[PDB]
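Next up: just one chain, as structure tokens, the form deposited in one PDB entry.
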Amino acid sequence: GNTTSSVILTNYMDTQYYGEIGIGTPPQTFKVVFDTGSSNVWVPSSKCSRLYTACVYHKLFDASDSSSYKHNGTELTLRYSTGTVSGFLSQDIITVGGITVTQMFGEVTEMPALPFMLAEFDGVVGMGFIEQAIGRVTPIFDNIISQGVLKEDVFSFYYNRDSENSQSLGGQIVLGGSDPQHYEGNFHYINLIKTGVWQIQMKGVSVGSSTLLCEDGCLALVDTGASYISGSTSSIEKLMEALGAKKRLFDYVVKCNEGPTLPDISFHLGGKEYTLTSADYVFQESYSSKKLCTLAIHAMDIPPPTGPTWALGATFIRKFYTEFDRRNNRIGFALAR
């Protein structure tokens, strides 16, 4: 077995990254987020009523136009930090890359306007473990591993920084390996705490020189479906004070002129310092002192058993190419380029 597939990703404003999959024969394509913090695959269903304006605005899967579709109809409900989708299970072949696998996924027939009217993508391909899958549906990567087609039992993420270029690649996911065009040096591997969750230990978070946060250790989820870095309300309040940031309704901001001279924030992982500077974490839409600029960091209280935990989302992954290694239960980071 020696295949390594690769899916190009569109980068929308540094907050949503999504690629295409095809479902059925002939394929119906969908825009989907590849999410290490969840484990189910779903797309909107042709059976989704118009009453759901999010189903009006996205691509719908029509079972009856595919010959490889296999009925199941068991009910499915998925709860995310953003809201809940609901529908039922269907089997069909899914193409990502590269690779064709037979999969159980959700056809979604309830999709709330909040917040899917803001989703540039249609559905989600969860990349987490079966342990976290609702209905214990076998996850796509498990089904792929079963095929024995992959060079190595790993996948990795490159997320680029938004750009004005017509060209210039938003991001890329590799299945089976990592792409040395988008990282320098070698991977520093850190071991999962346990199989079941893409989560490692974190020994501290510092702002400036001082170990401000997580001073006695804490957890970090490595969450490719998260836009920002997240911590618990209690940590984030502390961090945001340190930066002089202001809490608004949807974000934290600073005066744009102040952004560039804000302290670095470092994350202490597997014995090393992973530093994002204020250029990595302020959306500097101008440098005016009369404007407010958003930070790519916010509070999310992730409930037990998976939290309390930080999550290292795109703000972090932009700087560090990330490889998810299911064979050895570990995560590798190297500098992205």
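Rigid core here is just the name for the largest C-alpha set that superposes within 1.5 Å across the two forms. All residue numbers refer to positions in the sequence shown, first residue = 1.
Same protein, other form: the form deposited in another entry, not shown, and the subject of what follows.
Relative to the superposed rigid core, the position of the CA of residue 325 differs between the shown form and the other one by less than 2 Å.
For residue 84, the Cα coordinates differ by 2 angstroms or more between the shown form and the other one after the core has been superposed. Whereas the displayed form keeps them at a certain spacing, the CA atoms of residue 81 and residue 42 lie at least 3 angstroms farther apart in the other entry. Between this form and the other one, the CA-CA gap for residue 238 and residue 82 widens by 3 Å or more, being larger in the other entry.
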